[PDB]
file start_17.txt (compact mmCIF, N, CA, C and O atoms)
# COMPACT_ATOMS: atom_id res chain seq x y z
N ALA A 1 -10.90 -5.89 -7.18
CA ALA A 1 -9.95 -6.95 -6.85
C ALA A 1 -9.10 -6.57 -5.62
O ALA A 1 -8.56 -5.46 -5.52
N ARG A 2 -9.01 -7.51 -4.70
CA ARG A 2 -8.23 -7.34 -3.48
C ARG A 2 -6.84 -7.89 -3.75
O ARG A 2 -6.69 -9.08 -4.03
N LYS A 3 -5.84 -7.01 -3.73
CA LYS A 3 -4.51 -7.46 -4.12
C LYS A 3 -3.37 -6.72 -3.44
O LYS A 3 -2.21 -7.07 -3.68
N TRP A 4 -3.65 -5.71 -2.62
CA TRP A 4 -2.60 -4.89 -2.04
C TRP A 4 -2.29 -5.29 -0.60
O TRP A 4 -3.20 -5.51 0.21
N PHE A 5 -1.00 -5.30 -0.28
CA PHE A 5 -0.49 -5.60 1.05
C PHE A 5 0.47 -4.51 1.49
O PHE A 5 1.17 -3.90 0.67
N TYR A 6 0.53 -4.28 2.80
CA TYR A 6 1.61 -3.48 3.36
C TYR A 6 2.09 -4.09 4.67
O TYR A 6 1.40 -4.93 5.27
N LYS A 7 3.27 -3.68 5.13
CA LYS A 7 3.78 -4.15 6.41
C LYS A 7 3.68 -3.03 7.44
O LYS A 7 4.07 -1.88 7.18
N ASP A 8 3.12 -3.34 8.60
CA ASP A 8 3.00 -2.33 9.64
C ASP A 8 4.32 -2.20 10.37
O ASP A 8 5.27 -2.95 10.11
N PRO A 9 4.45 -1.20 11.24
CA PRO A 9 5.74 -0.98 11.91
C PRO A 9 6.20 -2.16 12.75
O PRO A 9 7.40 -2.29 13.00
N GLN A 10 5.27 -3.01 13.18
CA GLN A 10 5.59 -4.23 13.90
C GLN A 10 5.89 -5.42 12.98
O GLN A 10 5.99 -6.55 13.46
N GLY A 11 6.01 -5.19 11.67
CA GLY A 11 6.38 -6.23 10.73
C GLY A 11 5.26 -7.14 10.28
O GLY A 11 5.50 -8.04 9.45
N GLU A 12 4.04 -6.96 10.77
CA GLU A 12 2.93 -7.81 10.40
C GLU A 12 2.38 -7.40 9.03
O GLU A 12 2.22 -6.21 8.75
N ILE A 13 2.09 -8.39 8.19
CA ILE A 13 1.58 -8.09 6.86
C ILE A 13 0.08 -7.86 6.94
O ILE A 13 -0.66 -8.63 7.56
N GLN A 14 -0.38 -6.78 6.33
CA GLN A 14 -1.80 -6.44 6.32
C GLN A 14 -2.33 -6.48 4.90
O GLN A 14 -1.67 -5.99 3.97
N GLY A 15 -3.54 -7.01 4.73
CA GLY A 15 -4.13 -7.16 3.42
C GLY A 15 -4.79 -8.52 3.26
O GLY A 15 -4.75 -9.35 4.17
N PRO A 16 -5.37 -8.79 2.08
CA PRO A 16 -5.32 -7.93 0.89
C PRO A 16 -6.38 -6.86 0.80
O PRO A 16 -7.54 -7.10 1.13
N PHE A 17 -5.98 -5.72 0.28
CA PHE A 17 -6.86 -4.57 0.12
C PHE A 17 -7.10 -4.26 -1.35
O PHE A 17 -6.28 -4.58 -2.22
N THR A 18 -8.23 -3.62 -1.62
CA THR A 18 -8.49 -3.15 -2.97
C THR A 18 -7.65 -1.90 -3.27
O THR A 18 -7.19 -1.19 -2.37
N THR A 19 -7.48 -1.62 -4.57
CA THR A 19 -6.81 -0.39 -4.96
C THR A 19 -7.54 0.82 -4.42
O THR A 19 -6.91 1.79 -3.97
N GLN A 20 -8.87 0.78 -4.40
CA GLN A 20 -9.66 1.91 -3.89
C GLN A 20 -9.46 2.11 -2.39
O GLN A 20 -9.38 3.25 -1.93
N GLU A 21 -9.35 1.02 -1.62
CA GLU A 21 -9.06 1.17 -0.19
C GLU A 21 -7.69 1.80 0.01
O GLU A 21 -7.52 2.69 0.86
N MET A 22 -6.70 1.37 -0.77
CA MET A 22 -5.38 1.98 -0.66
C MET A 22 -5.42 3.44 -1.06
O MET A 22 -4.79 4.29 -0.41
N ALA A 23 -6.11 3.76 -2.16
CA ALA A 23 -6.21 5.16 -2.58
C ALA A 23 -6.81 6.02 -1.48
O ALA A 23 -6.36 7.15 -1.25
N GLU A 24 -7.85 5.51 -0.81
CA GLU A 24 -8.49 6.28 0.26
C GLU A 24 -7.51 6.58 1.37
O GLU A 24 -7.38 7.72 1.83
N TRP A 25 -6.81 5.55 1.84
CA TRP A 25 -5.85 5.74 2.92
C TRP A 25 -4.68 6.62 2.50
O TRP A 25 -4.17 7.41 3.30
N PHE A 26 -4.24 6.50 1.24
CA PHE A 26 -3.18 7.37 0.75
C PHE A 26 -3.63 8.83 0.72
O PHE A 26 -2.91 9.72 1.19
N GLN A 27 -4.84 9.10 0.21
CA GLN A 27 -5.28 10.49 0.14
C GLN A 27 -5.57 11.08 1.51
O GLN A 27 -5.50 12.30 1.68
N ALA A 28 -5.87 10.24 2.50
CA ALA A 28 -6.10 10.69 3.87
C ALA A 28 -4.81 10.99 4.63
O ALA A 28 -4.87 11.59 5.71
N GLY A 29 -3.66 10.59 4.09
CA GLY A 29 -2.37 10.87 4.68
C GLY A 29 -1.79 9.77 5.54
O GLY A 29 -0.83 10.04 6.27
N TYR A 30 -2.34 8.56 5.49
CA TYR A 30 -1.87 7.51 6.38
C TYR A 30 -0.59 6.83 5.93
O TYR A 30 0.04 6.13 6.73
N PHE A 31 -0.22 6.97 4.66
CA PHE A 31 0.85 6.20 4.06
C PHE A 31 2.06 7.08 3.81
O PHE A 31 2.02 7.94 2.92
N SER A 32 3.16 6.80 4.50
CA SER A 32 4.38 7.54 4.20
C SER A 32 5.13 6.93 3.03
O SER A 32 4.88 5.80 2.60
N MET A 33 6.17 7.64 2.58
CA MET A 33 6.99 7.11 1.50
C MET A 33 7.83 5.93 1.92
O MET A 33 8.43 5.28 1.06
N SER A 34 7.90 5.60 3.21
CA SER A 34 8.70 4.47 3.66
C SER A 34 7.88 3.21 3.89
O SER A 34 8.46 2.14 4.12
N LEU A 35 6.55 3.31 3.82
CA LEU A 35 5.69 2.17 4.03
C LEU A 35 6.01 1.09 3.01
O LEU A 35 6.03 1.35 1.81
N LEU A 36 6.20 -0.13 3.49
CA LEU A 36 6.51 -1.24 2.61
C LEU A 36 5.23 -1.79 2.01
O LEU A 36 4.32 -2.18 2.75
N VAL A 37 5.15 -1.83 0.67
CA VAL A 37 3.91 -2.23 0.02
C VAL A 37 4.21 -3.15 -1.15
O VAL A 37 5.28 -3.10 -1.76
N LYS A 38 3.24 -3.99 -1.50
CA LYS A 38 3.36 -4.81 -2.70
C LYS A 38 1.97 -5.28 -3.07
O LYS A 38 1.08 -5.37 -2.22
N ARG A 39 1.80 -5.62 -4.35
CA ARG A 39 0.65 -6.43 -4.74
C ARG A 39 0.98 -7.89 -4.48
O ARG A 39 2.14 -8.29 -4.46
N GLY A 40 -0.05 -8.71 -4.35
CA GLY A 40 0.17 -10.14 -4.16
C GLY A 40 1.10 -10.74 -5.21
O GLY A 40 2.01 -11.51 -4.87
N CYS A 41 0.87 -10.37 -6.47
CA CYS A 41 1.65 -10.90 -7.57
C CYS A 41 3.08 -10.39 -7.69
O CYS A 41 3.91 -10.87 -8.46
N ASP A 42 3.39 -9.37 -6.91
CA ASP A 42 4.71 -8.74 -6.99
C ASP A 42 5.79 -9.56 -6.25
O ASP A 42 5.50 -10.41 -5.39
N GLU A 43 7.04 -9.30 -6.62
CA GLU A 43 8.20 -9.94 -6.03
C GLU A 43 8.77 -9.01 -4.96
O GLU A 43 9.54 -8.10 -5.27
N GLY A 44 8.38 -9.23 -3.71
CA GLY A 44 8.99 -8.51 -2.60
C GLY A 44 8.23 -7.25 -2.23
O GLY A 44 7.51 -6.66 -3.04
N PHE A 45 8.36 -6.84 -0.96
CA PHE A 45 7.84 -5.54 -0.53
C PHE A 45 8.87 -4.48 -0.91
O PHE A 45 10.07 -4.74 -0.93
N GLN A 46 8.39 -3.27 -1.21
CA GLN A 46 9.26 -2.13 -1.48
C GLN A 46 8.66 -0.88 -0.80
O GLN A 46 7.45 -0.79 -0.67
N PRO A 47 9.50 0.08 -0.41
CA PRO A 47 8.93 1.34 0.12
C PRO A 47 8.09 2.06 -0.92
O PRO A 47 8.42 2.09 -2.11
N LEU A 48 6.99 2.67 -0.46
CA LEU A 48 6.04 3.28 -1.38
C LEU A 48 6.70 4.34 -2.25
O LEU A 48 6.36 4.48 -3.43
N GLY A 49 7.67 5.07 -1.71
CA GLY A 49 8.37 6.04 -2.55
C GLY A 49 9.06 5.38 -3.72
O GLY A 49 9.09 5.91 -4.83
N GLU A 50 9.64 4.21 -3.48
CA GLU A 50 10.30 3.48 -4.56
C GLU A 50 9.30 2.85 -5.51
O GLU A 50 9.54 2.78 -6.72
N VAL A 51 8.18 2.36 -4.99
CA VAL A 51 7.10 1.87 -5.84
C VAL A 51 6.65 2.96 -6.79
O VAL A 51 6.41 2.71 -7.99
N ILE A 52 6.50 4.18 -6.28
CA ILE A 52 6.08 5.30 -7.13
C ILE A 52 7.13 5.56 -8.20
O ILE A 52 6.79 5.81 -9.37
N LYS A 53 8.41 5.49 -7.83
CA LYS A 53 9.46 5.65 -8.82
C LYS A 53 9.39 4.55 -9.87
O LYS A 53 9.57 4.80 -11.07
N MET A 54 9.15 3.30 -9.45
CA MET A 54 9.14 2.17 -10.36
C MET A 54 7.97 2.27 -11.32
O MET A 54 8.11 2.04 -12.53
N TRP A 55 6.80 2.61 -10.79
CA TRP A 55 5.59 2.68 -11.60
C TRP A 55 5.52 3.94 -12.42
O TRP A 55 4.76 4.00 -13.38
N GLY A 56 6.26 4.97 -12.02
CA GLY A 56 6.16 6.26 -12.66
C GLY A 56 4.99 7.12 -12.23
O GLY A 56 4.80 8.19 -12.83
N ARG A 57 4.22 6.71 -11.21
CA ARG A 57 3.03 7.40 -10.70
C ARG A 57 2.59 6.73 -9.40
O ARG A 57 3.02 5.62 -9.10
N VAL A 58 1.72 7.37 -8.63
CA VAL A 58 1.26 6.63 -7.46
C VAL A 58 0.42 5.47 -7.94
O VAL A 58 -0.37 5.64 -8.88
N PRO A 59 0.63 4.27 -7.42
CA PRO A 59 0.03 3.09 -8.05
C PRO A 59 -1.46 2.97 -7.82
O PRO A 59 -2.11 2.17 -8.50
N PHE A 60 -2.02 3.73 -6.88
CA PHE A 60 -3.44 3.64 -6.54
C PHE A 60 -4.29 4.59 -7.36
O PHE A 60 -5.52 4.57 -7.25
N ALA A 61 -3.68 5.40 -8.19
CA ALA A 61 -4.43 6.30 -9.03
C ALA A 61 -4.78 5.64 -10.36
O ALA A 61 -4.17 4.64 -10.74
N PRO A 62 -5.76 6.17 -11.08
CA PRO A 62 -5.94 5.78 -12.49
C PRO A 62 -4.67 6.09 -13.29
O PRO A 62 -3.95 7.05 -13.00
N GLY A 63 -4.43 5.29 -14.31
CA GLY A 63 -3.19 5.40 -15.07
C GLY A 63 -3.34 5.85 -16.51
O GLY A 63 -3.99 6.86 -16.77
N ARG B 1 -12.41 3.95 8.54
CA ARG B 1 -11.57 3.03 9.29
C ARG B 1 -10.11 3.29 8.97
O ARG B 1 -9.74 3.28 7.81
N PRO B 2 -9.28 3.52 9.99
CA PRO B 2 -7.85 3.69 9.74
C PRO B 2 -7.24 2.39 9.25
O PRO B 2 -7.80 1.31 9.48
N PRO B 3 -6.10 2.46 8.56
CA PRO B 3 -5.44 1.24 8.10
C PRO B 3 -4.97 0.39 9.27
O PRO B 3 -4.28 0.89 10.18
N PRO B 4 -5.31 -0.89 9.26
CA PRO B 4 -4.90 -1.77 10.36
C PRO B 4 -3.39 -1.69 10.58
O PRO B 4 -2.61 -1.71 9.62
N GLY B 5 -3.02 -1.60 11.85
CA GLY B 5 -1.64 -1.70 12.29
C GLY B 5 -0.85 -0.42 12.24
O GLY B 5 0.27 -0.39 12.79
N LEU B 6 -1.36 0.63 11.62
CA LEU B 6 -0.54 1.81 11.41
C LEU B 6 -0.78 2.92 12.41
O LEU B 6 0.06 3.81 12.53
N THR B 7 -1.93 2.93 13.08
CA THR B 7 -2.27 4.02 13.99
C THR B 7 -2.50 3.57 15.41
O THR B 7 -2.70 4.43 16.28
N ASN B 8 -2.48 2.26 15.67
CA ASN B 8 -2.71 1.68 17.00
C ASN B 8 -4.07 2.10 17.55
O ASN B 8 -4.19 3.04 18.33

call {"tool": "encode", "arguments": {"input": "start_17.txt", "output": "structure tokens"}}
result
Amino acid sequence: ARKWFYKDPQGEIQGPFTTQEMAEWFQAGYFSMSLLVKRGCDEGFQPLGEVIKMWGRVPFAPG
Amino acid sequence: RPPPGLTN
């Protein structure tokens, strides 16, 4: 399922991406803790560090 | 492929 979005430094929304695509980019080091991310169904973009705090784990991993 | 928009 394609459901992940992020905002690039120029404010443009990118997506939708699969969880596996996000996991790949996260493990490769492309995503900082300040990157604004959300699922389509979510209310608002949040920094990835805060998403991890909210979810209790990195959201792209198995749970 | 790098993530669009993040690496120019």

call {"tool": "residues_around", "arguments": {"input": "start_17.txt", "residues": "residue 5 (chain B)", "least_positions_apart": "4", "cutoff": "7 Å", "atoms": "all atoms listed in the file", "output": "NGL selection string"}}
result
:A and (7-10 or 12)

call {"tool": "closest_atom_pairs", "arguments": {"input": "start_17.txt", "of": "chain B", "to": "chain A", "cutoff": "7 Å", "atoms": "all atoms listed in the file", "output": "Markdown table"}}
result
| residue | atom | partner | partner_atom | distance |
| --- | --- | --- | --- | --- |
| B:1 | O | A:25 | CA | 6.7 |
| B:3 | N | A:25 | CA | 6.5 |
| B:4 | O | A:8 | CA | 5.6 |
| B:5 | O | A:9 | N | 4.5 |
| B:6 | N | A:8 | CA | 5.6 |

call {"tool": "atom_distance", "arguments": {"input": "start_17.txt", "atom1": "atom C of residue 16 (chain A)", "atom2": "atom O of residue 3 (chain A)"}}
result
6.1 Å

call {"tool": "atom_distance", "arguments": {"input": "start_17.txt", "atom1": "CA of residue 34 (chain A)", "atom2": "atom C of residue 59 (chain A)"}}
result
15.4 Å

call {"tool": "atom_distance", "arguments": {"input": "start_17.txt", "atom1": "CA of residue 52 (chain A)", "atom2": "atom C of residue 20 (chain A)"}}
result
16.6 Å

call {"tool": "select_by_dssp", "arguments": {"input": "start_17.txt", "residues": "region 2-52 of chain A", "states": "strand (DSSP E)", "output": "NGL selection string"}}
result
:A and (2-7 or 13-18 or 36-39 or 46-47)

call {"tool": "select_by_dssp", "arguments": {"input": "start_17.txt", "residues": "region 10-54 of chain A", "states": "helix (DSSP H, G or I)", "output": "list in words"}}
result
residues 19, 20, 21, 22, 23, 24, 25, 26, 27, 28, 48, 49, 50, 51, 52, 53 and 54 of chain A

call {"tool": "write_last_selection", "arguments": {"input": "start_17.txt", "atoms": "N, CA, C and O atoms", "output": "short mmCIF file (atom, residue, chain, number, x, y, z; two decimals), in the coordinates of the input"}}
result
data_model
loop_
_atom_site.label_atom_id
_atom_site.label_comp_id
_atom_site.auth_asym_id
_atom_site.auth_seq_id
_atom_site.Cartn_x
_atom_site.Cartn_y
_atom_site.Cartn_z
N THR A 19 -7.48 -1.62 -4.57
CA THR A 19 -6.81 -0.39 -4.96
C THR A 19 -7.54 0.82 -4.42
O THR A 19 -6.91 1.79 -3.97
N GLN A 20 -8.87 0.78 -4.40
CA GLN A 20 -9.66 1.91 -3.89
C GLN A 20 -9.46 2.11 -2.39
O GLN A 20 -9.38 3.25 -1.93
N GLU A 21 -9.35 1.02 -1.62
CA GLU A 21 -9.06 1.17 -0.19
C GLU A 21 -7.69 1.80 0.01
O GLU A 21 -7.52 2.69 0.86
N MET A 22 -6.70 1.37 -0.77
CA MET A 22 -5.38 1.98 -0.66
C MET A 22 -5.42 3.44 -1.06
O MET A 22 -4.79 4.29 -0.41
N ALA A 23 -6.11 3.76 -2.16
CA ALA A 23 -6.21 5.16 -2.58
C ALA A 23 -6.81 6.02 -1.48
O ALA A 23 -6.36 7.15 -1.25
N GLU A 24 -7.85 5.51 -0.81
CA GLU A 24 -8.49 6.28 0.26
C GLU A 24 -7.51 6.58 1.37
O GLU A 24 -7.38 7.72 1.83
N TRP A 25 -6.81 5.55 1.84
CA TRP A 25 -5.85 5.74 2.92
C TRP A 25 -4.68 6.62 2.50
O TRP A 25 -4.17 7.41 3.30
N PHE A 26 -4.24 6.50 1.24
CA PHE A 26 -3.18 7.37 0.75
C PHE A 26 -3.63 8.83 0.72
O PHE A 26 -2.91 9.72 1.19
N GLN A 27 -4.84 9.10 0.21
CA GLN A 27 -5.28 10.49 0.14
C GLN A 27 -5.57 11.08 1.51
O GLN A 27 -5.50 12.30 1.68
N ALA A 28 -5.87 10.24 2.50
CA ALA A 28 -6.10 10.69 3.87
C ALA A 28 -4.81 10.99 4.63
O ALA A 28 -4.87 11.59 5.71
N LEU A 48 6.99 2.67 -0.46
CA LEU A 48 6.04 3.28 -1.38
C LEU A 48 6.70 4.34 -2.25
O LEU A 48 6.36 4.48 -3.43
N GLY A 49 7.67 5.07 -1.71
CA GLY A 49 8.37 6.04 -2.55
C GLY A 49 9.06 5.38 -3.72
O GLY A 49 9.09 5.91 -4.83
N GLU A 50 9.64 4.21 -3.48
CA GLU A 50 10.30 3.48 -4.56
C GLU A 50 9.30 2.85 -5.51
O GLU A 50 9.54 2.78 -6.72
N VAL A 51 8.18 2.36 -4.99
CA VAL A 51 7.10 1.87 -5.84
C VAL A 51 6.65 2.96 -6.79
O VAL A 51 6.41 2.71 -7.99
N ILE A 52 6.50 4.18 -6.28
CA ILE A 52 6.08 5.30 -7.13
C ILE A 52 7.13 5.56 -8.20
O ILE A 52 6.79 5.81 -9.37
N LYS A 53 8.41 5.49 -7.83
CA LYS A 53 9.46 5.65 -8.82
C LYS A 53 9.39 4.55 -9.87
O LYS A 53 9.57 4.80 -11.07
N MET A 54 9.15 3.30 -9.45
CA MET A 54 9.14 2.17 -10.36
C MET A 54 7.97 2.27 -11.32
O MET A 54 8.11 2.04 -12.53
#
